[PDB]
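These values consider heavy atoms only, across backbone and side chains, with no hydrogens, waters or symmetry-generated copies. Counting from 1, the numbers follow the sequence of the chain as shown.
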Amino acid sequence: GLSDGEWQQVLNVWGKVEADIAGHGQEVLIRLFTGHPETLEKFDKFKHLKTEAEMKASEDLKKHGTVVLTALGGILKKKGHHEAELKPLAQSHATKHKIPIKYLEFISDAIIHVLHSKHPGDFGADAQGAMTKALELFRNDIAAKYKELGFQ
C-alpha cells in the first residue's frame with residue numbers, strides 16, 4: 001500500500017545503492033552481524049569472522065551482500081507485485097535457513113542505518129518514510145508465508 005509518489009522515492013533512493021551495490025551490501029551485513037551476533041551464527045561460512053576487520057576484509061561477505069541487495073532491488077522494482085519473487089525466499093529462509101522474522105526486522109533497520117551513514121543529509125525524511133514502508137511491505141508479505149508454513 002505505497003502511493004505512486006512513495007514508490008518513486010523508494011526507487012530514487014535505491015539508485016544510490018546501485019552505484020555501489022557491494023559496498024552497501026557489505027555495510028548492511030556488517031551492521032546486522034555486529035548489532036546482532038546471533039545472525040552471524042546462521043551462516044556456517046561467516047562464523048569464522050571474529051572481528052569487524054575480518055568481516056571488512058572478507059570478499060565472500062561482500063559477495064553475499066551483492067546477492068542479497070540484488071534480490072531486494074529486484075523485489076522493490078516490482079512495487080509490491082512481488083509474490084513470485086517472495087515465495088522462494090520465504091521458503092528458503094523459513095524452512096532451510098531457519099531465519100526468524102525478527103532477523104528480517106533487524107536487517108531492515110540496518111538498511112535504513114546504512115543509507116544515513118553513507119548518504120548523510122541526502123536521505124530526507126520523506127525518503128526514509130517511503131523506504132521504511134517498502135521494507136515493512138516486504139516483511140509483512142514474508143510473514144504471511146511464514147505463518148502458512150507454521151514457522152517460528
Side-chain angles (χ1 to χ4, degrees), residues 1-43 46 52 55-56 58 61-152:
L2 276 72
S3 72
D4 298 319
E6 282 171 342
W7 282 121
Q8 179 175 58
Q9 272 278 225
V10 174
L11 297 183
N12 182 254
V13 168
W14 198 255
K16 307 187 154 76
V17 175
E18 286 184 337
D20 180 16
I21 193 84
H24 286 78
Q26 174 185 247
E27 283 190 36
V28 166
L29 294 175
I30 288 176
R31 176 75 182 175
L32 179 70
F33 293 160
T34 61
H36 314 270
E38 62 275 28
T39 63
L40 182 77
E41 293 308 296
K42 295 287 179 170
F43 293 85
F46 300 138
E52 189 176 336
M55 287 172 192
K56 206 77 184 287
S58 170
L61 185 156
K62 193 172 321 193
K63 191 180 167 188
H64 196 73
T66 298
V67 164
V68 170
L69 295 192
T70 299
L72 184 58
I75 289 163
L76 292 174
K77 290 173 195 309
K78 292 313 246 265
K79 299 199 298 174
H81 292 94
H82 55 213
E83 165 62 22
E85 290 80 1
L86 258 57
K87 188 195 189 56
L89 292 175
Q91 296 165 336
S92 67
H93 286 60
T95 304
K96 182 183 195 310
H97 311 313
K98 313 279 184 196
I99 305 308
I101 193 85
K102 183 53 151 208
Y103 296 8
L104 306 178
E105 181 190 359
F106 297 158
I107 202 176
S108 298
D109 291 350
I111 288 164
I112 296 293
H113 190 269
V114 169
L115 287 170
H116 279 300
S117 180
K118 294 185 71 59
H119 309 281
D122 192 39
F123 180 43
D126 52 353
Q128 177 177 165
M131 185 60 75
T132 300
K133 282 186 73 174
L135 289 174
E136 285 168 343
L137 183 65
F138 168 75
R139 210 150 67 238
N140 182 83
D141 285 352
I142 287 275
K145 304 293 193 45
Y146 273 35
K147 179 169 173 273
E148 163 191 336
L149 295 170
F151 187 63
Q152 293 303 318

Q: Find out whether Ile111 and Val17 are in side-chain contact, i.e. whether some heavy atom of one side chain is under 4.5 Å from a heavy atom of the other.
A: no

So CD of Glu18 and CG of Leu69: to nearest 0.5 Å the spacing works out to 10.0 Å

dist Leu29:CG -> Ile107:CD1 (nearest 0.5 Å) comes out at 5.5 Å

So do the side chains of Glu105 and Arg139 get within less than 4.5 Å of each other, counting heavy atoms only? yes

4.5 Å side-chain heavy-atom contact, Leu104 and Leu135: no

Check your understanding: Is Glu6 paired with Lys79 through a side-chain N to carboxylate O contact shorter than 4.0 Å?
Key -> no

Requested in this report: May I ask you to decide if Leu32's main-chain N or O and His36's side chain share a donor-acceptor pair within less than 3.5 Å?
Outcome: no

Quiz prompt | Donor-acceptor under 3.5 Å (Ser117 side chain, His113 main chain) | solution = no

Here the gap from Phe43 atom CZ to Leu61 atom CG, rounded to the nearest 0.5 Å, amounts to 8.0 Å

Checklist entry - Short question: side chain of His93, backbone of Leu89 - any donor-acceptor pair under 3.5 Å? => result yes

(message) With heavy-atom distances below 4.5 Å as the criterion, would you say the side chains of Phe138 and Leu86 are in contact?
(response) yes

Is the count of non-hydrogen atoms from other residues, nucleotides or ligands lying under 6.0 Å from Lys77 atom NZ greater than 12? yes

inquiry  = Between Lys133 and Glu136, does any NZ, NE, NH1 or NH2 come within less than 4.0 Å of an OD or OE carboxylate oxygen?
reply    = no

Checklist line | Pair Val13-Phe123, side chain to side chain contact (heavy atoms under 4.5 Å, CB included): steps then yes or no | finding: CA-CA 8 Å; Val13 168; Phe123 180 43; 3.9 Å; yes

With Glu83 as partner, the option from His81, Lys87, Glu85 fulfilling side-chain contact (heavy atoms from CB on, under 4.5 Å) is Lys87

Closest non-hydrogen atoms of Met131 and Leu115, given as atom of the first, atom of the second and distance, are CG-CD1, 4.1 Å

Separation between OG1 (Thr132) and CG (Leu137), nearest 0.5 Å, reads 12.5 Å

Closest heavy-atom pair, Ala134 versus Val10, reported as atoms and distance to 0.1 Å, is CB-CG2, 3.9 Å

Heavy-atom nearest pair, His24 first then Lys16, reads CE1-O, 3.5 Å

Margin query: I'd like to know if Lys102 and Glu38 make a salt bridge, using a cut-off of under 4.0 Å between side-chain N and carboxylate O.
Written below: no

Heavy atoms of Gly23 and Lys118 approach each other most closely as C-CE, 4.5 Å

When every non-hydrogen atom of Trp14 is compared with those of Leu76, the smallest separation belongs to CE3-CD1, 3.6 Å

CD1 of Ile101 to NZ of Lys147, rounded to nearest 0.5 Å, is 13.0 Å

| said: Is the ring pair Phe33/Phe46 parallel, tilted or perpendicular, if the boundaries are 30 and 60 degrees? | reply: tilted

**OP:** I would like to know whether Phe151 and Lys98 meet side chain to side chain contact (heavy atoms under 4.5 Å, CB included); could you show each step before the answer?
**Re:** CA-CA 8 Å; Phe151 187 63; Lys98 313 279 184 196; 4.2 Å; yes

All heavy atoms of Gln91 vs all of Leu149, minimum pair found to be CA-CD1, 4.3 Å

So CZ of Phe106 and OG1 of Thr39: to nearest 0.5 Å the spacing works out to 8.0 Å

